Structure formats: structure tokens, C-alpha cells
2 protein chains.
Amino acid sequence: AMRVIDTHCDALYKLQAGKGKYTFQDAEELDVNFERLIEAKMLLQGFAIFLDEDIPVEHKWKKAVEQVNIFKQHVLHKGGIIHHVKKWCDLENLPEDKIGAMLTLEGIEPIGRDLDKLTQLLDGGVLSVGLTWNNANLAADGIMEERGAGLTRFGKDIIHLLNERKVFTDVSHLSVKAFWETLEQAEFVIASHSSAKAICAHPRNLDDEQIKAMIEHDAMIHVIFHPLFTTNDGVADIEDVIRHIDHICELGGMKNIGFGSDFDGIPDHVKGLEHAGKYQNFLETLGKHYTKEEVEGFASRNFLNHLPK
Amino acid sequence: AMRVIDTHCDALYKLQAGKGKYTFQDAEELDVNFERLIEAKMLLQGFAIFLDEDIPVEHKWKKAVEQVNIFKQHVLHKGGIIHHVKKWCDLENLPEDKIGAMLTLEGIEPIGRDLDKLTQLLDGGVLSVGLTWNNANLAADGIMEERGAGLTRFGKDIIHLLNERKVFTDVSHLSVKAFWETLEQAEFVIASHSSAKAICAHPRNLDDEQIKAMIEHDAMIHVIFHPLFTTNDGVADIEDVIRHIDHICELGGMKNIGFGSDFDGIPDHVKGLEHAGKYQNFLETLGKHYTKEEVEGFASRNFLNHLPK
Ligand SMILES: [Zn+2]
Ligand SMILES: [Zn+2]
Ligand SMILES: [Zn+2]
Ligand SMILES: [Zn+2]
């Protein structure tokens, strides 16, 4: 039984937007639903808290908390199997029949200038935080901001707290400058859903020096199943995804690769990776390029070897 | 009788903080109150919209609308004499017995990332906009942010809107980088309350190169009545303020100088200038140093030669 850790899906965002017309148990419009987790044989799934950039700055904090309660009410205890991983020890002591679920924060927009709002979310079980989504915010510039500046003092204050609380600092949407400053400050670095710039040149992807630095830093790179970041022409199959894994391995990152699908946040899908239920198929295909020992590394063992401590 | 244009006071912030306790007509706590505007022979006073940095992000818009309402309800029409300058033509056509009052925005924090909220403020009469106060925000870094970055996409979009609406872009608290990028983007530039760094080396002040650039751009520099920005030692009298005026004149900016007191935002005052009712005393001292025609330039004519058109 090849169990799977996936670091990033947008199920919370989709449920929230759905206004009840979607049930987490079996909605077919959700790449990540309860049935599809079982079928994926998930060990752990990360659920991102993420608000539309058009949610007014003064409603952000309320809508975030709402997504959290959607998690607590809809996702948790589903079928008596979904278990809340609120701390890394909850993960290391999870049963074989239970599936772990954790919360992650995709941009700090919901917290304004307030570190107590962040502390609240951390007390709620948030185990990974990305300072930015695509845009400039109070902590740093995201990757689509042309200015591409690094961290503010507020940003550094945030990371200092993440370090203190054994929470991942997620660089996936971070500007190039922010990424580098973050590596300097953060103790536990992850890229929750990124691929390799050398294979697909989207600004969102990691260049070779950044990948080497991640490896050197002992950080995790979780490759994304989004075709816009997989191939330059934006149309991709499973083999295309594998070419990104190949690239990171050739840079020496065999032990630093995991999966970060970005399921439910995908406008278009990779052929054969249409939803979390297609996971074991993906692993079988992967298994023609990598030993089972290596695939298990990508699937869960690398991540489990990199828990904040 | 020489009339006075002053581009910047914090009466709205004080009024709001006073929680109804301060009457605009004559409160001693208000550096700019009605009786003192009369004594000053004010022609036009700028009223800044400014929130404590500690106001949570989700309440900023509300607190700002509060200040606009304070302006409309406590300031306008007082004595049948205070007249709303909502557009520049209201200023050039002010009836003889009237005193003009205009709104300005001291940092774009209250609008979140919503350009429409800015459009509302502009429609309500904001005629000058500083992108930042001291801190990083969604538009640019302020002068006290270590990162010291320039304009974001949002900041550039704001300036385009200000250009189109014939509104001043105010660089008084902008980071050095943001200052230079703003001179590039903004059609109508002002420093609503800033002095000369060569005289007083505070980081908020303008160095000779910046001043020469302001003059070249045909921008207005309004000298401040804050001791902290007036003398290196923080203790100042009227003659100390005049040194800044002299300095700018020497750089060739006699026609680009006006006044920006920052009254009501000053913990300790320039001796002799403790409130707006001392303004004529100020002009009397200027008159030792400059012809009457030159003093009228600083007091109002210069600003009146620089209205956005
Ligand atoms: Zn997302
Ligand atoms: Zn995303
Ligand atoms: Zn102010
Ligand atoms: Zn100020």
C-alpha cells in the first residue's frame, strides 16, 4: 500500500464558493473529496486557506475563519476516517486506517498587520504559511509583482514566529528576492506547489540555483499538477510532470521531492491527473521510471523525513 | 492683508480622537480651529485624512469615512465662512469673505486594494494623495521601512488615476526609491509638508538633488513647522524655519515654495508658531528677509500658480 502525502489543494476555497451545493463527501466537482482521498490512499492532505483577491481587505479575516470552520465541520471526521493533524506529532502517530488533514495559509492577506490573527490561525492548526500569493502584500512581494522586492520587517517578524512554532515557511508564490531572503531567515522551508523553471519557464517555477539552494537547505519541493506550470504550451500529460521530477533529481534532489497537486485550484488538468483519485495510476506510471523505494520517497517518506523539529 | 495657503494639518485625526470633546470653533487643543483660521487670515487649509497605524486593517475604511464625515459636519460652513474646495476652480473662485477647506489623503491604507474606494474619496473632494505614510503599504514603501522599495503595480495604477483626475501626488513620506519613481509617473507633484535635508538631516527631508528635481518638475515644496524636521537638535524657532526657505531659494526654487505646517500633528512646536493663529506673526518675520511680493509668493501665489490643469 503506497500511501500519499499531498501538500496543497483548494477544496476549502471551492466549498466556500459553492454555498452548500457541494458536499465534501462525494462532490464530483471537487478534485479532492472524501471518496477520492480513500481512493488515492492519502496519508496526509494539505488544505489551503485562500481568498479571492477581490474579497475586500476588510472581509478577508472573516472569510478565512469561515473556511476554517468549513474544514472543521465538513472535512474533519468525515466517515470517521479524516483526522486533524494539528501538530507534527499527530502525523507521526497516525493510524493506517485514518487519513490526515492539515491546514495551510496561502498568503497572509487575511491577517492584516496583526500577528495575533496569525497566532490564532496557528493555534488552530496551521502548519505551513506562505507569506504571499501572487501580489505585493504587507509581508513581501509575490511572484507576479513587477517590483519583485523582498521581505518587510513585518515579513521577518512573521517568519521568526513560524520558526518559533515549528511551522513551514512556504516559498511557492514568493518573488525571487523574497525567496532568497526567506531561505536566510526561515528554519523550515517548503515549496508547497512548484515545478522546475528549466522544464517550463513560467515565473512561478524554481530556477536551477533556487532548486540547488532548496536541496542545500534541506527543504522540500512539492511538484504541482497544473499544466500551465508543467509545459510551456500549457498542455501536459503525466510524462510531462515526471520530466520535472527528473530535473530535480538530476540536480541532486531525490530526497527533497514530494507532491503538491494544487487540486481544486486548477482551471485545466494534466491528462491522467484529473483528480486525487487518479493518484495510484500516477504512481504506477512513475514506477516505470523510479524504483518503488524512490517513489515511496516522493509519495511520503521524504516529507516525513523533513518534519519541523 | 496677506492671505495664507497651508497644505497640511491633522485636525480631523484630533477631532476623531477627541470623541466629541473638542469643538471646532475654539478648542484650545486644536492648533487649527475656526478662530485661529480667522486670525491666520487663512485662504485655504488642507485637512489630511490619517489613521493611527494601530487601527486594524479591517476597520480602516470605516475610520476614514468617519474623518470625511467629521470634515463635512464639524468643519464645513462654520460661521457661513468655511467653504469646501472640492475642485481647483472652487479655489480660484473663492468668494472674498470665505476660507477654503480641502481634504487630502495621508497614505492609501484606508482603501485596502480597492481602487473604487479611492475613486469615492476623489469624488468626495480629495485633492492631494500621499501613497504612503512611514510604513510599507500596498502602494509603496514609506520612508521608515528598511526595505525601501518603490512603487507596486497598485501604486502606479493609483498615480495614473490621480493624473487623470488632476489631483496632486504627494511625496512627503515616500521612500527615496518611491520618490524618484513618482517624479517619473506623476504629472502633479507636491511635497505637502517637507523641509531641507541639507539643513536638518532627518530622513523625511529632501536633499539638494531631490529639491533641484522638484524645481525641474515644477513641483511644490511646502515647508513644515515641526521642530524635529527643522533643526538637527530638535529645538527650533521661526528663524530656523526660514533657513529652509532660504536654502530652497538658493537652489533656485523661490517660485516653488509654500507652507505645510503639519499643525495638530506636532508634539512640541516651533517657538513662535504654536498654532495657526500665529501665522501672521510668521509672515511678519519673513518680511525682514523678503519683499512683500516675495512673501505673498510663499503664502499663496506660488501654490496658486501651480494648480493642476
Ligand atoms: Zn491556491
Ligand atoms: Zn495557487
Ligand atoms: Zn499626518
Ligand atoms: Zn505626518
# chains A, B, ... in the order shown; residues from 1 in each chain; ligands from 1
call {"tool": "select_by_dssp", "arguments": {"residues": "range 146-271 of chain A", "states": "helix (DSSP H, G or I)", "output": "ChimeraX atom specification"}}
result
/A:153-164,176-185,208-217,227-229,238-250,254-256
call {"tool": "write_last_selection", "arguments": {"atoms": "C-alpha atoms", "output": "tab-separated table (two decimals), in the first residue's frame"}}
result
chain	number	residue	atom	x	y	z
A	153	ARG	CA	10.17	43.91	8.77
A	154	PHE	CA	6.62	42.54	9.22
A	155	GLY	CA	7.56	39.63	6.93
A	156	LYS	CA	10.64	38.86	9.02
A	157	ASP	CA	8.57	39.09	12.20
A	158	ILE	CA	6.21	36.53	10.73
A	159	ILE	CA	8.98	34.09	9.85
A	160	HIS	CA	10.55	34.47	13.29
A	161	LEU	CA	7.21	33.32	14.72
A	162	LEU	CA	6.87	30.45	12.23
A	163	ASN	CA	10.34	29.31	13.25
A	164	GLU	CA	9.46	29.51	16.94
A	176	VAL	CA	12.69	35.72	-6.44
A	177	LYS	CA	14.15	38.22	-3.95
A	178	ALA	CA	11.68	37.22	-1.22
A	179	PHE	CA	12.57	33.55	-1.82
A	180	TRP	CA	16.23	34.18	-1.22
A	181	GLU	CA	15.68	36.31	1.91
A	182	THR	CA	13.27	33.70	3.21
A	183	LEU	CA	15.86	30.91	2.86
A	184	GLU	CA	18.08	33.10	5.00
A	185	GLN	CA	15.51	33.55	7.80
A	208	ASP	CA	18.24	25.81	-11.05
A	209	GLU	CA	20.03	27.87	-8.42
A	210	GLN	CA	16.86	28.02	-6.32
A	211	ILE	CA	16.45	24.25	-6.54
A	212	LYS	CA	20.08	23.64	-5.50
A	213	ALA	CA	19.62	26.04	-2.60
A	214	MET	CA	16.47	24.17	-1.50
A	215	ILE	CA	18.45	20.92	-1.55
A	216	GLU	CA	21.37	22.51	0.32
A	217	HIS	CA	18.87	23.94	2.89
A	227	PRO	CA	-0.35	22.12	-16.78
A	228	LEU	CA	0.32	25.85	-17.15
A	229	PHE	CA	3.41	25.29	-14.99
A	238	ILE	CA	1.77	12.63	-16.69
A	239	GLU	CA	5.07	12.17	-18.54
A	240	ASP	CA	5.41	15.96	-18.64
A	241	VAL	CA	5.11	16.10	-14.84
A	242	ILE	CA	7.68	13.34	-14.50
A	243	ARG	CA	10.18	15.42	-16.51
A	244	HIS	CA	10.14	17.96	-13.63
A	245	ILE	CA	10.87	15.21	-11.11
A	246	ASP	CA	13.70	14.04	-13.38
A	247	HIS	CA	15.16	17.57	-13.39
A	248	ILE	CA	15.16	17.99	-9.61
A	249	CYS	CA	16.71	14.52	-9.18
A	250	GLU	CA	19.49	15.38	-11.65
A	254	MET	CA	15.98	12.76	-4.97
A	255	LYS	CA	15.43	13.08	-1.21
A	256	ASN	CA	13.77	16.51	-1.43
call {"tool": "closest_atom_pairs", "arguments": {"of": "chain A", "to": "chain B", "cutoff": "7 Å", "atoms": "only C-alpha atoms", "output": "CSV"}}
result
residue,atom,partner,partner_atom,distance
A:57,CA,B:112,CA,5.5
A:58,CA,B:58,CA,3.8
A:59,CA,B:58,CA,6.9
A:112,CA,B:57,CA,5.5
A:113,CA,B:57,CA,6.8
A:136,CA,B:138,CA,6.5
A:137,CA,B:138,CA,5.9
A:138,CA,B:137,CA,6.0
A:145,CA,B:153,CA,6.8
A:147,CA,B:152,CA,6.0
A:149,CA,B:149,CA,6.7
A:152,CA,B:147,CA,5.9
call {"tool": "residues_around", "arguments": {"residues": "residue 76 in chain A", "least_positions_apart": "2", "cutoff": "12 Å", "atoms": "only C-alpha atoms", "output": "list in words"}}
result
residues 12, 24, 25, 33, 34, 45, 47, 68, 69, 70, 71, 72, 73, 74, 78, 79, 80, 81, 82, 83, 84, 85, 86, 98, 99, 100, 101, 102 and 103 of chain A
call {"tool": "write_last_selection", "arguments": {"atoms": "N, CA and C atoms", "output": "mmCIF file, in the first residue's frame"}}
result
data_model
loop_
_atom_site.group_PDB
_atom_site.id
_atom_site.type_symbol
_atom_site.label_atom_id
_atom_site.label_comp_id
_atom_site.auth_asym_id
_atom_site.auth_seq_id
_atom_site.Cartn_x
_atom_site.Cartn_y
_atom_site.Cartn_z
ATOM 1 N N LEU A 12 -11.147 23.914 0.253
ATOM 2 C CA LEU A 12 -11.809 24.855 1.156
ATOM 3 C C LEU A 12 -12.384 26.028 0.358
ATOM 4 N N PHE A 24 -18.417 17.702 0.658
ATOM 5 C CA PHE A 24 -17.057 17.181 0.634
ATOM 6 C C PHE A 24 -16.994 15.656 0.475
ATOM 7 N N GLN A 25 -18.039 14.965 0.911
ATOM 8 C CA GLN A 25 -18.033 13.517 0.847
ATOM 9 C C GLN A 25 -17.921 12.950 -0.556
ATOM 10 N N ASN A 33 -12.232 15.113 -2.837
ATOM 11 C CA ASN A 33 -13.348 14.797 -1.953
ATOM 12 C C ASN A 33 -13.043 13.561 -1.128
ATOM 13 N N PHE A 34 -13.924 13.246 -0.187
ATOM 14 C CA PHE A 34 -13.668 12.155 0.737
ATOM 15 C C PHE A 34 -13.428 10.835 0.005
ATOM 16 N N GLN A 45 -3.279 15.194 3.541
ATOM 17 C CA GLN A 45 -3.619 16.205 2.545
ATOM 18 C C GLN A 45 -3.622 17.609 3.163
ATOM 19 N N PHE A 47 -4.807 21.370 3.245
ATOM 20 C CA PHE A 47 -5.913 22.203 2.788
ATOM 21 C C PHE A 47 -5.554 23.670 2.950
ATOM 22 N N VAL A 68 -11.974 27.936 7.646
ATOM 23 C CA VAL A 68 -11.520 27.090 8.740
ATOM 24 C C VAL A 68 -12.666 26.279 9.340
ATOM 25 N N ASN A 69 -13.785 26.938 9.612
ATOM 26 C CA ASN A 69 -14.937 26.224 10.140
ATOM 27 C C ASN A 69 -15.533 25.260 9.110
ATOM 28 N N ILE A 70 -15.386 25.579 7.829
ATOM 29 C CA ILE A 70 -15.786 24.650 6.780
ATOM 30 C C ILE A 70 -14.934 23.390 6.875
ATOM 31 N N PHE A 71 -13.647 23.581 7.129
ATOM 32 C CA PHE A 71 -12.736 22.471 7.381
ATOM 33 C C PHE A 71 -13.158 21.675 8.618
ATOM 34 N N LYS A 72 -13.492 22.387 9.692
ATOM 35 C CA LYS A 72 -13.753 21.743 10.971
ATOM 36 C C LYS A 72 -15.087 21.017 10.963
ATOM 37 N N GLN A 73 -16.006 21.496 10.131
ATOM 38 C CA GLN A 73 -17.364 20.970 10.100
ATOM 39 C C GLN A 73 -17.566 19.959 8.971
ATOM 40 N N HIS A 74 -16.965 20.239 7.816
ATOM 41 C CA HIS A 74 -17.162 19.415 6.619
ATOM 42 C C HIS A 74 -16.090 18.353 6.398
ATOM 43 N N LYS A 78 -14.811 13.047 8.657
ATOM 44 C CA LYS A 78 -15.575 12.521 7.539
ATOM 45 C C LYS A 78 -15.408 11.004 7.476
ATOM 46 N N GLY A 79 -16.524 10.287 7.556
ATOM 47 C CA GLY A 79 -16.513 8.833 7.561
ATOM 48 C C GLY A 79 -15.777 8.228 8.745
ATOM 49 N N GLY A 80 -15.531 9.042 9.769
ATOM 50 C CA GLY A 80 -14.779 8.607 10.933
ATOM 51 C C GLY A 80 -13.327 8.292 10.614
ATOM 52 N N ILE A 81 -12.843 8.818 9.491
ATOM 53 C CA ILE A 81 -11.509 8.493 8.995
ATOM 54 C C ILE A 81 -10.587 9.709 8.910
ATOM 55 N N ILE A 82 -11.116 10.838 8.439
ATOM 56 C CA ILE A 82 -10.310 12.050 8.339
ATOM 57 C C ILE A 82 -9.951 12.548 9.728
ATOM 58 N N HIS A 83 -8.658 12.606 10.016
ATOM 59 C CA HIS A 83 -8.169 13.007 11.325
ATOM 60 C C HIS A 83 -7.419 14.328 11.210
ATOM 61 N N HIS A 84 -7.687 15.268 12.110
ATOM 62 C CA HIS A 84 -6.981 16.550 12.069
ATOM 63 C C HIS A 84 -5.544 16.424 12.568
ATOM 64 N N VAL A 85 -4.603 16.616 11.657
ATOM 65 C CA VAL A 85 -3.212 16.761 12.028
ATOM 66 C C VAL A 85 -2.976 18.227 12.379
ATOM 67 N N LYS A 86 -2.917 18.531 13.673
ATOM 68 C CA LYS A 86 -2.754 19.910 14.136
ATOM 69 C C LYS A 86 -1.322 20.177 14.568
ATOM 70 N N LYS A 98 -6.671 5.712 9.178
ATOM 71 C CA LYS A 98 -7.030 7.126 9.250
ATOM 72 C C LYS A 98 -6.286 7.959 8.209
ATOM 73 N N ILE A 99 -6.913 9.037 7.759
ATOM 74 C CA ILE A 99 -6.303 9.931 6.791
ATOM 75 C C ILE A 99 -6.096 11.303 7.420
ATOM 76 N N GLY A 100 -4.871 11.812 7.350
ATOM 77 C CA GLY A 100 -4.555 13.087 7.967
ATOM 78 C C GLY A 100 -4.953 14.274 7.115
ATOM 79 N N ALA A 101 -5.405 15.340 7.771
ATOM 80 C CA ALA A 101 -5.726 16.591 7.096
ATOM 81 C C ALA A 101 -5.114 17.746 7.871
ATOM 82 N N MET A 102 -4.452 18.654 7.167
ATOM 83 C CA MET A 102 -3.864 19.798 7.837
ATOM 84 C C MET A 102 -4.230 21.074 7.131
ATOM 85 N N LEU A 103 -4.142 22.170 7.864
ATOM 86 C CA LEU A 103 -4.455 23.474 7.312
ATOM 87 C C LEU A 103 -3.167 24.213 6.971
#
call {"tool": "residues_near_ligand", "arguments": {"ligand": "ligand 2", "cutoff": "9 Å", "atoms": "only C-alpha atoms and all ligand atoms", "output": "PyMOL selection string"}}
result
chain A and resi 8-10+50+106+133-134+172-173+193+262+265-266
call {"tool": "write_last_selection", "arguments": {"atoms": "N, CA and C atoms", "output": "PDB file, in the first residue's frame"}}
result
ATOM      1  N   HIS A   8      -1.015  20.474  -1.095  1.00  0.00           N
ATOM      2  CA  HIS A   8      -1.807  21.639  -1.485  1.00  0.00           C
ATOM      3  C   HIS A   8      -3.026  21.356  -2.341  1.00  0.00           C
ATOM      4  N   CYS A   9      -4.208  21.602  -1.787  1.00  0.00           N
ATOM      5  CA  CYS A   9      -5.427  21.612  -2.586  1.00  0.00           C
ATOM      6  C   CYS A   9      -6.297  22.802  -2.199  1.00  0.00           C
ATOM      7  N   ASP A  10      -7.206  23.180  -3.096  1.00  0.00           N
ATOM      8  CA  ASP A  10      -8.103  24.316  -2.872  1.00  0.00           C
ATOM      9  C   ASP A  10      -9.533  23.913  -2.545  1.00  0.00           C
ATOM     10  N   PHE A  50      -7.512  30.097   1.339  1.00  0.00           N
ATOM     11  CA  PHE A  50      -7.229  31.050   0.266  1.00  0.00           C
ATOM     12  C   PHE A  50      -8.475  31.812  -0.185  1.00  0.00           C
ATOM     13  N   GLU A 106      -2.306  30.364   2.568  1.00  0.00           N
ATOM     14  CA  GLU A 106      -1.788  30.710   1.255  1.00  0.00           C
ATOM     15  C   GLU A 106      -1.805  32.234   1.061  1.00  0.00           C
ATOM     16  N   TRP A 133       0.620  35.276  -1.854  1.00  0.00           N
ATOM     17  CA  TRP A 133       0.129  34.717  -3.100  1.00  0.00           C
ATOM     18  C   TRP A 133       0.852  35.499  -4.212  1.00  0.00           C
ATOM     19  N   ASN A 134       0.176  35.789  -5.320  1.00  0.00           N
ATOM     20  CA  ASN A 134       0.865  36.375  -6.469  1.00  0.00           C
ATOM     21  C   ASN A 134       1.234  37.857  -6.358  1.00  0.00           C
ATOM     22  N   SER A 172       6.409  29.016  -2.346  1.00  0.00           N
ATOM     23  CA  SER A 172       5.857  28.802  -3.684  1.00  0.00           C
ATOM     24  C   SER A 172       5.461  30.049  -4.509  1.00  0.00           C
ATOM     25  N   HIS A 173       4.793  31.024  -3.904  1.00  0.00           N
ATOM     26  CA  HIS A 173       4.398  32.221  -4.672  1.00  0.00           C
ATOM     27  C   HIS A 173       5.294  33.447  -4.475  1.00  0.00           C
ATOM     28  N   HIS A 193       3.807  23.902  -3.769  1.00  0.00           N
ATOM     29  CA  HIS A 193       3.354  23.526  -5.097  1.00  0.00           C
ATOM     30  C   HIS A 193       4.119  24.339  -6.136  1.00  0.00           C
ATOM     31  N   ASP A 262      -2.026  20.981  -6.085  1.00  0.00           N
ATOM     32  CA  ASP A 262      -2.862  22.151  -6.311  1.00  0.00           C
ATOM     33  C   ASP A 262      -4.212  21.745  -6.896  1.00  0.00           C
ATOM     34  N   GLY A 265      -7.684  23.944  -7.435  1.00  0.00           N
ATOM     35  CA  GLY A 265      -7.281  25.280  -7.838  1.00  0.00           C
ATOM     36  C   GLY A 265      -6.804  25.254  -9.278  1.00  0.00           C
ATOM     37  N   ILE A 266      -7.200  24.222 -10.002  1.00  0.00           N
ATOM     38  CA  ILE A 266      -6.767  24.062 -11.375  1.00  0.00           C
ATOM     39  C   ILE A 266      -7.851  24.258 -12.425  1.00  0.00           C
TER      40      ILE A 266
END
call {"tool": "closest_residue", "arguments": {"among": "A:233, A:52, A:218, A:284", "to": "ligand 1", "atoms": "only C-alpha atoms and all ligand atoms"}}
result
A:52
call {"tool": "atom_distance", "arguments": {"atom1": "CA of residue 2 in chain A", "atom2": "CA of residue 23 in chain A"}}
result
27.0 Å
call {"tool": "select_by_dssp", "arguments": {"residues": "range 56-304 of chain A", "states": "strand (DSSP E or B)", "output": "mmCIF file with C-alpha atoms, in the first residue's frame"}}
result
data_model
loop_
_atom_site.group_PDB
_atom_site.id
_atom_site.type_symbol
_atom_site.label_atom_id
_atom_site.label_comp_id
_atom_site.auth_asym_id
_atom_site.auth_seq_id
_atom_site.Cartn_x
_atom_site.Cartn_y
_atom_site.Cartn_z
ATOM 1 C CA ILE A 82 -10.310 12.050 8.339
ATOM 2 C CA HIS A 83 -8.169 13.007 11.325
ATOM 3 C CA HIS A 84 -6.981 16.550 12.069
ATOM 4 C CA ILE A 99 -6.303 9.931 6.791
ATOM 5 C CA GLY A 100 -4.555 13.087 7.967
ATOM 6 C CA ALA A 101 -5.726 16.591 7.096
ATOM 7 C CA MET A 102 -3.864 19.798 7.837
ATOM 8 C CA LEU A 103 -4.455 23.474 7.312
ATOM 9 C CA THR A 104 -2.048 25.760 5.448
ATOM 10 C CA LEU A 105 -2.145 29.522 4.824
ATOM 11 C CA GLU A 106 -1.788 30.710 1.255
ATOM 12 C CA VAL A 126 -1.997 25.858 10.521
ATOM 13 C CA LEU A 127 1.272 24.037 9.850
ATOM 14 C CA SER A 128 2.504 25.842 6.731
ATOM 15 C CA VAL A 129 2.390 29.507 5.784
ATOM 16 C CA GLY A 130 3.176 31.246 2.516
ATOM 17 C CA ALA A 140 6.653 40.652 0.823
ATOM 18 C CA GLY A 142 4.537 37.840 -4.627
ATOM 19 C CA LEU A 151 10.612 40.989 2.878
ATOM 20 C CA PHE A 168 6.796 25.566 7.475
ATOM 21 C CA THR A 169 7.530 28.763 5.580
ATOM 22 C CA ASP A 170 6.205 28.220 2.087
ATOM 23 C CA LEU A 174 7.282 34.334 -3.343
ATOM 24 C CA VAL A 189 11.352 25.851 4.199
ATOM 25 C CA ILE A 190 8.966 24.253 1.766
ATOM 26 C CA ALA A 191 7.745 24.937 -1.743
ATOM 27 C CA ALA A 196 11.089 23.485 -12.424
ATOM 28 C CA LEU A 206 12.003 27.358 -9.474
ATOM 29 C CA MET A 220 11.044 20.098 0.349
ATOM 30 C CA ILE A 221 9.918 20.782 -3.201
ATOM 31 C CA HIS A 222 6.397 19.592 -3.912
ATOM 32 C CA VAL A 223 5.745 19.394 -7.631
ATOM 33 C CA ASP A 237 0.316 14.706 -19.532
ATOM 34 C CA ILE A 257 10.831 15.903 -3.759
ATOM 35 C CA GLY A 258 7.212 15.435 -2.764
ATOM 36 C CA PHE A 259 3.824 16.146 -4.346
ATOM 37 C CA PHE A 263 -6.031 20.133 -6.899
ATOM 38 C CA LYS A 271 -4.164 14.335 -18.680
#
call {"tool": "closest_residue", "arguments": {"among": "B:117, B:226, B:21, B:41", "to": "ligand 4", "atoms": "only C-alpha atoms and all ligand atoms"}}
result
B:226
call {"tool": "residues_around", "arguments": {"residues": "residue 31 in chain A", "least_positions_apart": "3", "cutoff": "6 Å", "atoms": "only C-alpha atoms", "output": "ChimeraX atom specification"}}
result
/A:263-264,275-276
call {"tool": "write_last_selection", "arguments": {"atoms": "N, CA, C and O atoms", "output": "mmCIF file, in the first residue's frame"}}
result
data_model
loop_
_atom_site.group_PDB
_atom_site.id
_atom_site.type_symbol
_atom_site.label_atom_id
_atom_site.label_comp_id
_atom_site.auth_asym_id
_atom_site.auth_seq_id
_atom_site.Cartn_x
_atom_site.Cartn_y
_atom_site.Cartn_z
ATOM 1 N N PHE A 263 -4.703 20.577 -6.494
ATOM 2 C CA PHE A 263 -6.031 20.133 -6.899
ATOM 3 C C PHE A 263 -7.119 21.087 -6.379
ATOM 4 O O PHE A 263 -7.001 21.638 -5.281
ATOM 5 N N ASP A 264 -8.160 21.276 -7.191
ATOM 6 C CA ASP A 264 -9.271 22.184 -6.894
ATOM 7 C C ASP A 264 -8.946 23.658 -7.124
ATOM 8 O O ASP A 264 -9.822 24.517 -7.021
ATOM 9 N N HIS A 275 -7.914 14.270 -10.985
ATOM 10 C CA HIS A 275 -8.316 14.434 -9.582
ATOM 11 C C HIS A 275 -7.565 13.470 -8.658
ATOM 12 O O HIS A 275 -6.895 12.548 -9.123
ATOM 13 N N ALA A 276 -7.690 13.675 -7.349
ATOM 14 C CA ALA A 276 -6.918 12.892 -6.382
ATOM 15 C C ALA A 276 -7.112 11.379 -6.485
ATOM 16 O O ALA A 276 -6.261 10.614 -6.024
#
call {"tool": "closest_residue", "arguments": {"among": "B:118, B:40, B:171, B:32", "to": "ligand 4", "atoms": "only C-alpha atoms and all ligand atoms"}}
result
B:171
call {"tool": "atom_distance", "arguments": {"atom1": "CA of residue 94 in chain A", "atom2": "CA of residue 304 in chain A"}}
result
12.0 Å
call {"tool": "atom_distance", "arguments": {"atom1": "CA of residue 192 in chain A", "atom2": "CA of residue 289 in chain A"}}
result
23.2 Å
call {"tool": "closest_residue", "arguments": {"among": "B:30, B:44, B:75, B:235", "to": "residue 90 in chain B", "atoms": "only C-alpha atoms"}}
result
B:44
call {"tool": "decode", "arguments": {"residues": "range 207-220 of chain B", "atoms": "N, CA and C atoms", "output": "PDB file, in the first residue's frame"}}
result
ATOM      1  N   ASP B 207      16.854  66.083   0.070  1.00  0.00           N
ATOM      2  CA  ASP B 207      18.235  66.508  -0.173  1.00  0.00           C
ATOM      3  C   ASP B 207      18.296  67.441  -1.380  1.00  0.00           C
ATOM      4  N   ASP B 208      19.460  68.022  -1.625  1.00  0.00           N
ATOM      5  CA  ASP B 208      19.559  69.059  -2.645  1.00  0.00           C
ATOM      6  C   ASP B 208      19.161  68.524  -4.030  1.00  0.00           C
ATOM      7  N   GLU B 209      19.515  67.272  -4.306  1.00  0.00           N
ATOM      8  CA  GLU B 209      19.212  66.673  -5.599  1.00  0.00           C
ATOM      9  C   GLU B 209      17.704  66.526  -5.764  1.00  0.00           C
ATOM     10  N   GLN B 210      17.042  66.048  -4.719  1.00  0.00           N
ATOM     11  CA  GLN B 210      15.587  65.937  -4.726  1.00  0.00           C
ATOM     12  C   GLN B 210      14.926  67.298  -4.915  1.00  0.00           C
ATOM     13  N   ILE B 211      15.420  68.299  -4.201  1.00  0.00           N
ATOM     14  CA  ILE B 211      14.883  69.652  -4.319  1.00  0.00           C
ATOM     15  C   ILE B 211      15.047  70.185  -5.745  1.00  0.00           C
ATOM     16  N   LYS B 212      16.250  70.049  -6.300  1.00  0.00           N
ATOM     17  CA  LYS B 212      16.508  70.511  -7.667  1.00  0.00           C
ATOM     18  C   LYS B 212      15.605  69.786  -8.664  1.00  0.00           C
ATOM     19  N   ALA B 213      15.367  68.506  -8.418  1.00  0.00           N
ATOM     20  CA  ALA B 213      14.442  67.751  -9.252  1.00  0.00           C
ATOM     21  C   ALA B 213      12.992  68.245  -9.112  1.00  0.00           C
ATOM     22  N   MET B 214      12.580  68.593  -7.892  1.00  0.00           N
ATOM     23  CA  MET B 214      11.230  69.114  -7.646  1.00  0.00           C
ATOM     24  C   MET B 214      11.057  70.394  -8.471  1.00  0.00           C
ATOM     25  N   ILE B 215      12.047  71.270  -8.380  1.00  0.00           N
ATOM     26  CA  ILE B 215      12.011  72.523  -9.113  1.00  0.00           C
ATOM     27  C   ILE B 215      11.925  72.265 -10.639  1.00  0.00           C
ATOM     28  N   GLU B 216      12.742  71.347 -11.140  1.00  0.00           N
ATOM     29  CA  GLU B 216      12.732  70.995 -12.565  1.00  0.00           C
ATOM     30  C   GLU B 216      11.362  70.445 -13.017  1.00  0.00           C
ATOM     31  N   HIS B 217      10.717  69.685 -12.138  1.00  0.00           N
ATOM     32  CA  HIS B 217       9.408  69.085 -12.407  1.00  0.00           C
ATOM     33  C   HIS B 217       8.299  70.131 -12.239  1.00  0.00           C
ATOM     34  N   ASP B 218       8.680  71.321 -11.800  1.00  0.00           N
ATOM     35  CA  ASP B 218       7.724  72.359 -11.453  1.00  0.00           C
ATOM     36  C   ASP B 218       6.759  71.905 -10.359  1.00  0.00           C
ATOM     37  N   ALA B 219       7.305  71.276  -9.325  1.00  0.00           N
ATOM     38  CA  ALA B 219       6.535  70.745  -8.217  1.00  0.00           C
ATOM     39  C   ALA B 219       6.508  71.777  -7.096  1.00  0.00           C
ATOM     40  N   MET B 220       5.619  71.595  -6.125  1.00  0.00           N
ATOM     41  CA  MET B 220       5.556  72.497  -4.973  1.00  0.00           C
ATOM     42  C   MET B 220       6.190  71.826  -3.751  1.00  0.00           C
TER      43      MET B 220
END
